[PDB]
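First the structure, in the form of structure tokens, and then the observations on it.
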Amino acid sequence: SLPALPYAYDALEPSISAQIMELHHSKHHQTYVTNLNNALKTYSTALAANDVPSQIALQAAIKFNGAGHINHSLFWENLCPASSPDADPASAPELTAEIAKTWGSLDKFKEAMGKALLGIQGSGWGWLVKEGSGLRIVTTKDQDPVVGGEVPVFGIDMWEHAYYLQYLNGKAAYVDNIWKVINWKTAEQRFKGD
Amino acid sequence: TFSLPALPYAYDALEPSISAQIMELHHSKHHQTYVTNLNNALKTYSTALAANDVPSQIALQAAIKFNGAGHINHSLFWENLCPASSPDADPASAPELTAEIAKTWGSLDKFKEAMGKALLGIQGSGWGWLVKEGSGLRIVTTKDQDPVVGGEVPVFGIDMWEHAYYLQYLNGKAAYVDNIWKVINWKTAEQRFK
Amino acid sequence: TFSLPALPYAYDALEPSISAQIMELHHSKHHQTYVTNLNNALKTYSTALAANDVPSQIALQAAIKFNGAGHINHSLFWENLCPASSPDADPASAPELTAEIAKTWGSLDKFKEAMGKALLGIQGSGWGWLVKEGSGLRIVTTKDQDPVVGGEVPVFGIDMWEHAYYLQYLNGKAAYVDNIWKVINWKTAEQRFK
Amino acid sequence: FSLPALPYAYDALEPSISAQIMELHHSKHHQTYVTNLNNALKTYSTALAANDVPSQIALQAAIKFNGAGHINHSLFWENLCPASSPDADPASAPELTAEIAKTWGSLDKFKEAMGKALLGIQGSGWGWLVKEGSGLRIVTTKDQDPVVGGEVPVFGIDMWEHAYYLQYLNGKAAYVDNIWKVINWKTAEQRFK
Amino acid sequence: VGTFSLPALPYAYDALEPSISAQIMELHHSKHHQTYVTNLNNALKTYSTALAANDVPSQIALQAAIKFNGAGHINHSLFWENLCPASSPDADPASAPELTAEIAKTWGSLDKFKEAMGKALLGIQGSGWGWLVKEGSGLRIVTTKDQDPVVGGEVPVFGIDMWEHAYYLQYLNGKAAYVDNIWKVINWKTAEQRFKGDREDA
Amino acid sequence: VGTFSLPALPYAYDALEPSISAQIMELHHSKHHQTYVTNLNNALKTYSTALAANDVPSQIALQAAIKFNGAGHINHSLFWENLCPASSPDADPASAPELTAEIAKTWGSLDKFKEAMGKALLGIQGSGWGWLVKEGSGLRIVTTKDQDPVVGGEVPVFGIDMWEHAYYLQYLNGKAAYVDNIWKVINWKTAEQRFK
Amino acid sequence: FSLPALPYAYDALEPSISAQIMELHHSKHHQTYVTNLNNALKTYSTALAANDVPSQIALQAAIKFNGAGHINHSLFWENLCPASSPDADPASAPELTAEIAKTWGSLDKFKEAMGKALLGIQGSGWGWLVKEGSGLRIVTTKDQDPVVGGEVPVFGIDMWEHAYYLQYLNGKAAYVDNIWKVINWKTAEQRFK
Amino acid sequence: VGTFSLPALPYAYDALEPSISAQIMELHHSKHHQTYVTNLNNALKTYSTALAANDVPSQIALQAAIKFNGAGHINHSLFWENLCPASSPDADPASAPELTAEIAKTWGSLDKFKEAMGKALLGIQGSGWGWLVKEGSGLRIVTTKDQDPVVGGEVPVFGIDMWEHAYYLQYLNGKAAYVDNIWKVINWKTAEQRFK
Ligand SMILES: [Mn+2]
Ligand SMILES: [Mn+2]
Ligand SMILES: [Mn+2]
Ligand SMILES: [Mn+2]
Ligand SMILES: [Mn+2]
Ligand SMILES: [Mn+2]
Ligand SMILES: [Mn+2]
Ligand SMILES: [Mn+2]
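Chains as they are written, first to last, in this note's numbering: chain A, 1036 to 1229; chain B, 135 to 328; chain C, 135 to 328; chain D, 7 to 199; chain E, 1226 to 1427; chain F, 18 to 213; chain G, 7 to 199; chain H, 18 to 213.
If you want it as structure tokens, here you go:
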């Protein structure tokens, strides 16, 4: 039951291969949405049956898979082809300004992110979040969401499956190349909010 | 469309320990709210998930988690309780647990002080649980409606949220704890223990 | 030692918004207990310091923090409140503050809907505060008796623990939040804003 | 925490302890241990709030010190009683004296032992007779250090110079000889059981 | 000389085919494992300075790089000896008669153990390891997250690396295909030896 | 070993008045200080004849007495040199310009140093001393307990006795007043001579 | 006051400890202690009558360090005996070897630990088997420092480099191995009681 | 090759005769200093695993070992470069004109300094080092116990090792003889460089 990417599978080349995008979407993400759907269906049954032992395990399944589904979804909306105007950081004036108030420059921040991204041990994500008025950079393990009271602005997937087929162990290269497909329109929309 | 199951006894069945007014509110308002909100979130998810509506999905995962937790805790709680006259209020109904307890904390009475101390020391809203962790037993408390940690199995629980007692004991927590012992369903605790 | 401050009004001054019975229990029992348990925690922390009961000293540091915080919170709270008849109930008593509220939210009514959405979204026990953070205003929530974080000056708070309202409103915290605006002391709020 | 009243008037322990010593000892030495204990605890919760880990360590020290000072002087005042009270008669502590004569030879041999212990404290200190579960021991503590854990204090004797200097100058021995006259053996007996 | 180094493998990079491809083995060994060693040395270098220069800030930073790459190096070094060519006698459980008998006693049978292990392998969220450990007299299946090494007091018998880089090129997201095929290249002779010797013996 | 012949004070008992009373100066020297001297002497004599025999049990017992009383005598000896009448030249700090210079750089002001040491002095628990010591070219303020001497590597410049017999007869429990007034009779001449 | 002669010829302890080392350690190293103690006691009265405070600080140091040096080596030579003596046999210390095995599991396990702590010393010091109230303990001391009050020496081993260097050079290890042959277990047993 | 290693001497083991024998130089360099380097290298390795295994009790003991062996390593590394054959011009204080000027400015003479250093060297109880250091723009003589490095803020100019393994095979217990003779092989060119 899974919505199509806002773009083609090769729309993010050469930063991210058509191969990686299809596998990430039709296999990794799909799996989370499927097992989420499954867990959600059984749960309606376990309620009526008054199966409390089941409801506990299904609470685990729903939390875990719902997190994976949301992470990749936030992710696909964080990306656009490199040519698109949504790639140019002027699309996020108010945010970038707060970036430079906090880290000084755009680049002093891309650097700060890169460092945190490549410092993740295992699987996880890197997030630019909003906390109150200021910004932190945070990382999350596995499919954990950001701690409460932070608002995702944009995320970078640092699971190996997100780059391995193209960059092998070269995660530093992967990180240098994603900046070219980041969607600053979206980061702006989420920096302001509702 | 799940329907909140009725209690296994009358609202007045646990007096004098727990007033009928409390049973009625606790079940018909407080627990019913967990079910109704659970119900709405589950019926809404297919809509949000189809619209690729990420902010509603975050919100709905939260409502599923908090409200399902809520419903789990009170279902286990009602089953933990029986009228103080019923033989299931007699700790003789639980030979193996009452031994395993007596092995861990010296006697039954020493364990009741132990739990009572843990219950009374809860800061804000939460539950006290006697749990089965691995081989032996353990007293844990949980925050708000949080489940016990994975690997632990509930034997019995006590709601320490203020609505569980305020209408009848006001700020007199220790009295509430002292009187809840008479309506603990030891039959249920033995089943859960084996 | 610390002492229970008196109230700047009679136990029945906040009717009909908050009943005299809540006000008498909230003040002479709940807040009282925080004072008493802070004073006793201090005394008993010294004696545990004489011996080398480090677990005790660790646990008594927790108790000193918690009761002191509960002490500050309730002491601040009773001053955010005045009888509804009073001109301090009138936002006109807070000219600078309501102005800055208006340029932060939309209007005072948008601010009230926002703070009420915060207040009702607290899971378990907690407080909702309007604070100063540098030059602007923010709504924050805290769990249990936690104080507002550093750098934030509290303008006014609302207790969302069930003992704040339950005897009069039961689980109807919506009606409690709607009514407490009739007794918010905008003169205290305005004096704290500066 | 507060300043306990003495069981007697400031001049009730004469001629062993001058009323000047007793008045200063209780009204200003002990007082200051009390006050300083209050304030340190008051400020301690603020330091906890602030997560001001420096000030928590400073105050933890000031709390232990004034804390112990307040304990020691409070037991002290109740070890003492006017030399003419029947509480000053060793005969008013039968079980203790029995065991005391068991452990050392005489009640006099314990007095010379305990006095040897008091006169060899270096700097400021206390001497105590204590119950070590089954048996009695003479121990000494430096400054305001209270008796080690497990040891129940039966009676103590202050050897800070402020306890005797105005009346005995540097003659520590004259101070110890004379203080025996005002040991409250009824207290020492209650605390034994 | 105060630096660890990359152990040469006990076989060529293709010896474990078709179970694990010669590409994975070469990237896993000379790139992933190599980088754990290299960083471990780069951090041990400066730790001595910043310890005597009482630079407690970077004392802490370096301790972390050393915990991490130190554990990366241990775990992969144990792993390369757990494996052997599928055609070797060392890959036959009968190479570990004491250990396999203890396994059968502990679980139901050898196959009931494989079932439980693979269930633990697949249930890891993100990166991590599954191990057969001996804990006192008994055996256990445990998992560790990321590069965490087998906890003190336990002795590792064999581990299987579930980090994606260990299988992704050949198996993609197919974690269960990976696990089913690594049974064919478990070195049970290495397993027996560890079961029979001390912790320090490995 | 011979006989201890405790030198006299380099001024008369009433010299340091009105700061330190004549009653204290007399008893501090002839009773507290002399008691260290005589006790050290008798311990050294006994130590002699515990070496003459191989009485190693009491060689060990007498070391502590040799250390405590030797220390109490040195400390008080030094103490008398740090002192000189309020009216003297050497009570003025300019008698020690190489020192009063180093003190300013370190705390800011000769008065900001009186406070730092007033604070250290009044904060000693029980019996002890306060010293302005020399860590090569740096000046620390340290406290020692009982008759302990300063740590290896520290070199004394001037000490102030905070034992109660140093003030009690005159100042009772008024530690602060004793300290405030004891600045007036510090021998800054002695201060610098040890500095250099 | 003289250097007391050794309980044995300078070559009695060979081949564990050379006659060379024994003579140097006793006739020069230990002699220096005695000569410094003789000089300091003899020349204290002069320095004190002159108010030579710097010199009195030195004589306190000289009496301290040399006094400790003299006590330590005095106890050292008594802990030793020829490898051929019945006293070099732990069986001469049955009570102590009982208490050693009860605390380390074996003689070889205590030797293992004793030598670990000796070879562990940084710079100059001593290793001791002491008697800590009821039980047994390996401690080390720095330079000539005595063991802490309340500990009772049983046997010591000198770990200063002068104790072994002419024979063993940097071979810290070899010294400890071979010194086990010349421990006076007879002396060790008598100090254990 | 690894992380730390024994450095080669800048001269032959017998170069410092007659004041330090070739047997001492070889032992001191290839056994004593070597042991510092190796124990430090193996200490870093046992530390690396012991944090992985979360063995906190051995973490802190190996932090100790690392600090101790690191300090022994630096100390002897500085030592070897303080020395040179007595026939070299480098052994002539005229090699250190800026330092010798500041030397006399402080102590009076080169000789008056050598007696101060000598009395500090001989006054060490047990094992340790004596250094000329640069603290600020001034110099002073400090001693350290065992392998302690000089206090930060101090800059070593030269050090003289007073561990018995540095002199005993040649001078036995005659430290004074060893101190007098080591002045002939002090490398004052190194001293001058370190001072600038
Ligand atoms: Mn992904
Ligand atoms: Mn409830
Ligand atoms: Mn409240
Ligand atoms: Mn007192
Ligand atoms: Mn791997
Ligand atoms: Mn004095
Ligand atoms: Mn020796
Ligand atoms: Mn050396």
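Idealized CB from N, CA, C, for every residue including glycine.
{"query": "Boundaries of the alpha helix (DSSP H) in which G/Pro152 is found, first to last residue", "result": "Segment: none, G/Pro152 is in no alpha helix (DSSP H) and carries neither H nor E."}
{"query": "Contact list for F/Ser154 against chain H, beta-carbon separation under 8 Å", "result": "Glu152, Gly153, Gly155, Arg157"}
{"query": "Residues near ligand 1, criterion Cβ-heavy atom distance below 6 Å", "result": "A/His1059, A/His1063, A/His1107, A/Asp1192, A/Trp1194, A/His1196, A/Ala1197"}
{"query": "8 Å contact criterion, which G/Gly162 and G/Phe82 should meet: CB distance rounded", "result": "6 Å"}
{"query": "Proximity to E/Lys1270 [Cα-Cα], best of E/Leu1252, E/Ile1291, E/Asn1279, E/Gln1259", "result": "E/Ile1291"}
{"query": "Distance cut-off 8 Å: G/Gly75 Cβ against heavy atoms of ligand 7", "result": "yes"}
{"query": "Residues of the region 274-303 of chain B with Cβ closer than 8 Å to any Cβ of chain C, in chain order", "result": "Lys277, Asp278, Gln279, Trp295, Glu296, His297, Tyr300, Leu301"}
{"query": "Inter-residue spacing [alpha-carbon to alpha-carbon] between C/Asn207 and C/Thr167", "result": "13 Å"}
{"query": "D/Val158 to E/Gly1361 span [Cα, whole Å]", "result": "44 Å"}
{"query": "Residue ranges of each alpha helix (DSSP H) within the region 174-229 of chain C, 4 or longer", "result": "188-213"}
{"query": "A/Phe1144 and A/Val1188 closer than 9 Å at C-beta", "result": "no"}
{"query": "Identity of the residues DSSP links to G/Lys137 by a beta bridge", "result": "G/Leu142, G/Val158"}
{"query": "Which of helix, strand or coil DSSP assigns to E/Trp1388", "result": "coil"}
{"query": "9 Å Cβ cutoff, F/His93 in contact with chain D", "result": "no"}
{"query": "At least 3 beta-carbon pairs within less than 8 Å: the region 271-278 of chain B vs the region 254-261 of chain B", "result": "yes"}
{"query": "Exposed unless 16 or more other CB atoms sit within 10 angstroms - verdict on D/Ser51", "result": "buried"}
{"query": "Per DSSP, cross-strand counterpart(s) of G/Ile27", "result": "Its beta-bridge partners do not exist; DSSP assigns none."}
{"query": "Any non-hydrogen atom of ligand 2 closer than 8 Å to B/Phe211 Cβ", "result": "yes"}
{"query": "Chain A contacts from the region 1272-1303 of chain E (Cβ-Cβ distance under 7 Å)", "result": "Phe1293"}
{"query": "Inter-residue Cα distance where the pair is B/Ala140 and C/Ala182", "result": "50 Å"}
{"query": "Test: H/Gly147 CB closer than 9 Å to a CB of chain G", "result": "no"}
{"query": "DSSP state of H/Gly135 mapped onto helix, strand, coil", "result": "helix"}
{"query": "Assigned exposure category for B/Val265 - 16 Cβ within 10 Å defines buried", "result": "buried"}
{"query": "E/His1298 and A/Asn1204 closer than 9 Å at C-beta", "result": "no"}
{"query": "Alpha helix (DSSP H) segment containing C/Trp239, residue limits", "result": "Segment: none, C/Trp239 is in no alpha helix (DSSP H) and carries neither H nor E."}
{"query": "Cβ pair G/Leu125, G/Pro13 closer than 9 Å", "result": "no"}
{"query": "Beta-carbon proximity of G/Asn190 to G/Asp93, cut-off 9 Å", "result": "yes"}
{"query": "G/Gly129, DSSP secondary structure in three states", "result": "coil"}
{"query": "Residues that DSSP places opposite A/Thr1175 in a beta bridge", "result": "A/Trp1160"}
{"query": "Residues bridged to F/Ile203 [DSSP beta-bridge criterion]", "result": "F/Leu100"}
{"query": "Within chain F, partners of G/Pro10 - CB distance below 8 Å", "result": "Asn71"}
{"query": "C-beta atoms of E/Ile1249 and E/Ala1341 nearer than 9 Å", "result": "no"}
{"query": "Helix, strand or coil at C/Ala308 according to DSSP, with G and I counted as helix", "result": "helix"}
{"query": "Near-chain F residues of the region 115-129 of chain G (beta-carbon distance less than 8 Å), N- to C-terminal order", "result": "none"}
{"query": "Closest Cα partner of B/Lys251 within the set B/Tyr145, B/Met294, B/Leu159, B/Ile192", "result": "B/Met294"}
{"query": "Any chain F beta carbon closer than 9 Å to D/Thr109", "result": "no"}
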